[PDB]
Amino acid sequence: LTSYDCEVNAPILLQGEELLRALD
Amino acid sequence: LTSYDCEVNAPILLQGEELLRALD
Amino acid sequence: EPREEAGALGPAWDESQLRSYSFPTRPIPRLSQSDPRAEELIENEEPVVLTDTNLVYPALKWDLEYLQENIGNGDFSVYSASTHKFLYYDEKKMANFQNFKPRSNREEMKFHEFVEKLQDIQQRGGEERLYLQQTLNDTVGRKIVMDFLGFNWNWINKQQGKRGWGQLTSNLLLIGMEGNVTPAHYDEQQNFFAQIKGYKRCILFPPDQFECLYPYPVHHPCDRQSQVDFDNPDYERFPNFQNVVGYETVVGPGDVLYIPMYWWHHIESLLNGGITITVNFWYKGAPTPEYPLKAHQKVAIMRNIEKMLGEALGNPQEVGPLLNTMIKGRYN
Amino acid sequence: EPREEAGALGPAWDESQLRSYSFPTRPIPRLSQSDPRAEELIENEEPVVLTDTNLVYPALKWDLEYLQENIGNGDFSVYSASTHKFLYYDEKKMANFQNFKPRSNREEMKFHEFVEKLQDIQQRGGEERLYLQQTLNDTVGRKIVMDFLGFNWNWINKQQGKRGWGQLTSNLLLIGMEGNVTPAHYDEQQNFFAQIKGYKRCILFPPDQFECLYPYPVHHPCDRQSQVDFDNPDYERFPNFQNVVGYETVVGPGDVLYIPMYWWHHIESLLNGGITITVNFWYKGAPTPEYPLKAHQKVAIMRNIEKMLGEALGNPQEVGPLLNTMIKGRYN
Ligand SMILES: O=C(O)CNC(=O)C(=O)O
Ligand SMILES: O=C(O)CNC(=O)C(=O)O
Ligand SMILES: [Fe+2]
Ligand SMILES: [Fe+2]
Numbered sequence: 795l796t797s798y799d800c801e802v803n804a805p806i812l813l814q815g816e817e818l819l820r821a822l823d
Numbered sequence: 795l796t797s798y799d800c801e802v803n804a805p806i812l813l814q815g816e817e818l819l820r821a822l823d
Numbered sequence: 015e016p017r018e019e020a021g022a023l024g025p026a027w028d029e030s031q032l033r034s035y036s037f038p039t040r041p042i043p044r045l046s047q048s049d050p051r052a053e054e055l056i057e058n059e060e061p062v063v064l065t066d067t068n069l070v071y072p073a074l075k076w077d078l079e080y081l082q083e084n085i086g087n088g089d090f091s092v093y094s095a096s097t098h099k100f101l102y103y104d105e106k107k108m109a110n111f112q113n114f115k116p117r118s119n120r121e122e123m124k125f126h127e128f129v130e131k132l133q134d135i136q137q138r139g140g141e142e143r144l145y146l147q148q149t150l151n152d153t154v155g156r157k158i159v160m161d162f163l164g165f166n167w168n169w170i171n172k173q174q175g176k177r178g179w180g181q182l183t184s185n186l187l188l189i190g191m192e193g194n195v196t197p198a199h200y201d202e203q204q205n206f207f208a209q210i211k212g213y214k215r216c217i218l219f220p221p222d223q224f225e226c227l228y229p230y231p232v233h234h235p236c237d238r239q240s241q242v243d244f245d246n247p248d249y250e251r252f253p254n255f256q257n258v259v260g261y262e263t264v265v266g267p268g269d270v271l272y273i274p275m276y277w278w279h280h281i282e283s284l285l286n287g288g289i290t291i292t293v294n295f296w297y298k299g300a301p302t303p307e308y309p310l311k312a313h314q315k316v317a318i319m320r321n322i323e324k325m326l327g328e329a330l331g332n333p334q335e336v337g338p339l340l341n342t343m344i345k346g347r348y349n
Numbered sequence: 015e016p017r018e019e020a021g022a023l024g025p026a027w028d029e030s031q032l033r034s035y036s037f038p039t040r041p042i043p044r045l046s047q048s049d050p051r052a053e054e055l056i057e058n059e060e061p062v063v064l065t066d067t068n069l070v071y072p073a074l075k076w077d078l079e080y081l082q083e084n085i086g087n088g089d090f091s092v093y094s095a096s097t098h099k100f101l102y103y104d105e106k107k108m109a110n111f112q113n114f115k116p117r118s119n120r121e122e123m124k125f126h127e128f129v130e131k132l133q134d135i136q137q138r139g140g141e142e143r144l145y146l147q148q149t150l151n152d153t154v155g156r157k158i159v160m161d162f163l164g165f166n167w168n169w170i171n172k173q174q175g176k177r178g179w180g181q182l183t184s185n186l187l188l189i190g191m192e193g194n195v196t197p198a199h200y201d202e203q204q205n206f207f208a209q210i211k212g213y214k215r216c217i218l219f220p221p222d223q224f225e226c227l228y229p230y231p232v233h234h235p236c237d238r239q240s241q242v243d244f245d246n247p248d249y250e251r252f253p254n255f256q257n258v259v260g261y262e263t264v265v266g267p268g269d270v271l272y273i274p275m276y277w278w279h280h281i282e283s284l285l286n287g288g289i290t291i292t293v294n295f296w297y298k299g300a301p302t303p307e308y309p310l311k312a313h314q315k316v317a318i319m320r321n322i323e324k325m326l327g328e329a330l331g332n333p334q335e336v337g338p339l340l341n342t343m344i345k346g347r348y349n
């Protein structure tokens, strides 16, 4: 009940952690 | 969420179905 | 209109024996058990008075003398009150509501002690009121066992089977003084309510009248009971009680009232009608399997939200403030 | 008091560039990354402006010309508005609220098209406003890739590790016109907010100010955003907005603002300050494991109740009436 999602003001092409690793 | 309990105006010695069968 | 007792024994009761309330009602149908309409009502979870089930035929001879002589030496829960209202409360929930002060007290006694108490009040013209409410169990004596076995199990077992109900959990024996009232509440089990001695006026309200009846918070001892004082309704706190509409009937010896699960009910022993005796049959409801949702399903949902919040917050008194915080300026 | 730019270049900004609002605020601390107090604040999920992380040092040279030349031919989401307020909305939830009419529209375009649009507005003295908001992905060109790799991953990876956070989900590139406002809302991820060009005033409110900020219903497109119009607060609908107290700061090139998960934030590009550029770093929060419960935990609970009710009722618009039915005359 205390659990939470990860929604932000942007929709859910690599990005974040995936972008970084692919690049490195 | 639609599930329900069986609380009534009485607390929760055999009784009900158990009383009946023991007797019969 | 009050029925006429067979043999020209006159009206079983009259209007002056009914308490006066602020809302209108319509009659619950009184039907024969063989009438298809009765089956339709039960199937649809709607109340009906059945006049000829012979459900507790053998108990029709019961009275205080016969019961004292035959019901054993087991303990009976007897409530004592200074008011006609016997508001039910759950003792296990009292710790969480230290400020709740019950108007009635439970005392455990032997049947003959209950009977003696009733006698002392009568003789001393006392205003005290008693209401015995005790589940039938193995301590009852031989004759009561014989009587109980003579109940119409054939008929009620078919009902249980036909409706997909769960098990019989208990049979509550209720013995009340004239004028006693069990204030409006709903129970979470199916109920065949079998009248044995005297007359009780039963006022029922469908589950969709939840908004008009204002049950206590789930964690309060009076969970499932209405907060409205039917004798002095506070319309400022409970404005929709002005919209309540009941279904009513008066049951007498031999009658069985089906009180469907989640249906609100207010029960009163007729003024000046002497003691009343009733035995109920409580069955767990069928299993929770489609839209649109039924009223009683929404009630189950609300109860569940209250229950989960109490557990998650770790203090049931925090439930209200969180709910308020959720709705103000957002959903209200 | 506005800071002085190195080299006697005068005040970075002045009071007249800030919009005027109805509530008081206190400053967010500005500290060095090496200052133990900064670590304490982040550990405790409290905001802090870090002045020397060099988090996006290589991006400090970014401007429209350099980005147009190097950021690739991928699509960029650009919002267009007739007002300074760019209220965020979730397009997937629009079907369930047919009457919601967004004040801004999203258009997908190439970077050079965004730049051209900005130019046309300037020249034609238009009142139109644009706000590019686009997650950084694989279509960016070589130089941007080089810049991105030059971010201070060493420092931010340690932060991620130290706080038990989950993965970096994305980096949002925000390019706004002077005067643009992102209205108050909270995000469910941890955020290091790295300012690159221009100045943005950030007003934050702790999660325990939920009662003062009145977020939309969870199923509404503006879920997580405040319903209060900061420019014309309706105290009749939102009386506790009269009790709101913010934490504020103005960030400029090189500054990093930690916006802790669940903290409300209102962000505005200074009036007459030219375009602004920011890159955020969004990380999923740590795992849900003790009483008393934190404010943000109660917020999570409320969101969950809303979510479950919407699913159980089968229509999110039924959520409000059920909640109201639950509390009136019972918990309010
Ligand atoms: O008969 C009474 O006074 C009370 N009975 C019930 O509420 C019941 O049987 O469910
Ligand atoms: O910078 C802006 O205008 C909006 N940014 C955010 O709300 C954010 O990064 O979480
Ligand atoms: Fe009952
Ligand atoms: Fe945000």
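Chains as they are written, first to last, in the deposited numbering: chain S, 795 to 806, 812 to 823; chain S', 795 to 806, 812 to 823; chain A, 15 to 303, 307 to 349; chain A', 15 to 303, 307 to 349. A prime marks a further copy of an entry chain.
Note that beta-carbon positions come from the ideal geometry of N, C-alpha and C, so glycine has one too.
Am I right that residue 306 of chain A' and residue 240 of chain A' are in contact with their C-beta atoms under 8 Å? What's the rounded C-beta distance? Note on chain A': numbering goes from 303 to 307 directly, and residue 306 of chain A' within that interval has no coordinates.
Contact set between the segment 145-167 of chain A' and chain S, restricted to residues whose Cβ is under 8 Å from the partner: For chain S, the residues of the segment 145-167 of chain A' that bring a beta carbon within less than 8 Å of one of its beta carbons are 147, 149, 150, 151, 152, 153, 159, 162, 163 and 167, in chain order.
What is the C-beta distance between residue 336 of chain A and residue 224 of chain A, in whole angstroms, given that I count them as a contact (C-beta under 8 Å)? Incorrect: roughly 17 Å between the Cβ atoms, too far for contact.
Take the Cβ of residue 134 of chain A' as the centre, count every other Cβ of all protein chains shown within 10 Å, and call the residue buried at 16 or more, exposed below. Residue 134 of chain A' is exposed by the Cβ-count criterion.
Throw me the rounded Cβ distance for the residue 122 of chain A' and residue 231 of chain A' pair, which I believe falls under 8 Å. About 28 Å separates the two Cβ atoms, so there is no contact after all.
What are the partner residues of residue 216 of chain A, as DSSP defines its beta bridges? In the DSSP assignment, residue 216 of chain A is bridged to A:263 and A:281.
Under 8 Å between C-beta atoms, does residue 299 of chain A' make it to chain S? At least one chain S Cβ lies under 8 Å of residue 299 of chain A'.
Residue 19 of chain A by DSSP, collapsed to three states: which one? Here residue 19 of chain A sits in coil by DSSP.
Count the other C-beta atoms from every protein chain shown that fall within 10 angstroms of the C-beta of residue 212 of chain A', then say buried if there are 16 or more, exposed otherwise. Residue burial annotation: residue 212 of chain A' is buried, with at least 16 other C-beta atoms found within 10 angstroms of its C-beta.
Using the Cα positions of residue 339 of chain A' and residue 319 of chain A', report the straight-line distance between them to the nearest angstrom. Using only the alpha carbons, I get a separation of about 14 Å.
Do residue 304 of chain A' and residue 39 of chain A' have their C-beta atoms closer together than 8 Å? Looking at chain A', the numbering goes 303 and then 307, which leaves residue 304 of chain A' without any coordinates in this model.
State yes or no: is the beta carbon of residue 296 of chain A' nearer than 8 Å to at least one beta carbon in chain S? Residue 296 of chain A' has a beta carbon lying within less than 8 Å of a beta carbon in chain S.
Here's a check: name, in chain order, each residue in its chain whose Cβ is nearer than 8 Å to the Cβ of residue 28 of chain A, leaving out the five neighbours to either side. If we look at residue 28 of chain A and ignore the five residues flanking it on each side, its Cβ neighbours are 16.
Roughly how many whole angstroms lie between the Cα atoms of residue 296 of chain A' and residue 258 of chain A'? If you draw a straight line from the Cα of residue 296 of chain A' to the Cα of residue 258 of chain A', it is about 26 Å long.
Can you check the segment 159-244 of chain A for any beta strand (DSSP E) of at least 3 residues that lies completely inside it and give the ranges in chain order? Runs found: 182-184, 186-190, 195-199, 203-211 and 214-219.
From A:207, A:194, A:217 and A:342, pick the residue whose C-alpha is nearest to that of residue 142 of chain A; which is it? The shortest C-alpha separation from residue 142 of chain A is found at A:194.
For residue 19 of chain A, which residues in the same chain have their Cβ closer than 7 Å to its Cβ, ignoring the five residues on either side in sequence? These residues qualify, in order along the chain: 26.
Just curious, the beta strand (DSSP E) that residue 37 of chain A is in, first and last residue? Neither: residue 37 of chain A is in no beta strand (DSSP E) and is coded neither H nor E.
Which residues in chain A' have a C-beta closer than 9 Å to the C-beta of residue 342 of chain A? List them in chain order. Here the neighbours are 224, 225, 315 and 319.
At least three beta-carbon pairs within less than 8 Å, the segment 285-302 of chain A to the segment 175-189 of chain A: Per the Cβ contact rule, the segment 285-302 of chain A is in contact with the segment 175-189 of chain A (3 or more Cβ pairs under 8 Å).
Around ligand 3, which residues pass a check of Cβ closer than 7 Å to any of its heavy atoms? Matched residues: S':802, S':803, A:196, A:199, A:201, A:205, A:273 and A:279.
The alpha helix (DSSP H) with residue 325 of chain A' in it runs from where to where? For residue 325 of chain A', the enclosing alpha helix (DSSP H) stretches over residues 312-330.
Residue 196 of chain A' burial status per 10 Å Cβ neighbour count (16 or more: buried): Counting the other CB atoms within 10 Å of its CB gives residue 196 of chain A' a total of 16 or more, which places it among the buried residues.
Which bits of chain S does residue 233 of chain A' rub up against, with CB to CB less than 9 Å? Under the 9 Å cutoff, chain S gives no residues; its nearest Cβ is about 12 Å from residue 233 of chain A'.
Measuring only between beta-carbons, confirm whether residue 243 of chain A sits less than 8 Å from chain S'. Not an interface residue.
Can you list the residues of chain A' that residue 252 of chain A reaches, using a CB-CB cut of under 7 Å? Residues of chain A' passing the Cβ test: 346.
Contact between the segment 83-91 of chain A and the segment 174-181 of chain A (3+ Cβ pairs under 8 Å): Here the segment 83-91 of chain A makes no contact with the segment 174-181 of chain A; the two share fewer than three CB pairs at distances below 8 Å.
For a test of the three-state rule: what should DSSP assign to residue 811 of chain S, helix, strand or coil? For chain S, the structure lists 806 followed at once by 812, and that leaves residue 811 of chain S out of the model.
Could you tell me if the beta carbon of residue 190 of chain A falls within a distance shorter than 7 Å of some heavy atom in ligand 1? It does: the Cβ of residue 190 of chain A is within 7 Å (strictly closer) of some heavy atom of ligand 1.
So which residues on chain S' does residue 102 of chain A lean against when the C-beta distance must stay under 8 Å? Within chain S', the residues near residue 102 of chain A are 803.
Beta-carbon of residue 249 of chain A versus every beta-carbon of chain A': anything under 8 Å? So, not an interface residue.
Cross-chain neighbours of residue 331 of chain A' in chain A, by beta carbon under 9 Å: Close partners of residue 331 of chain A' in chain A (Cβ separation under 9 Å): 308, 309 and 310.
Could you please give me the residues that DSSP links to residue 25 of chain A through a beta bridge? According to DSSP, residue 25 of chain A bridges with A:18.
DSSP state of residue 44 of chain A mapped onto helix, strand, coil: Strand, per DSSP.
Applying a beta-carbon distance threshold of less than 7 Å, which residues of chain A' neighbour residue 113 of chain A? Listed along chain A' is no residue with a C-beta nearer than 7 Å to that of residue 113 of chain A; the closest approach is about 16 Å.
Along the chain, which unbroken stretches of the alpha helix (DSSP H) at least 4 residues long are found entirely within the segment 121-148 of chain A? Runs found: 125-137.
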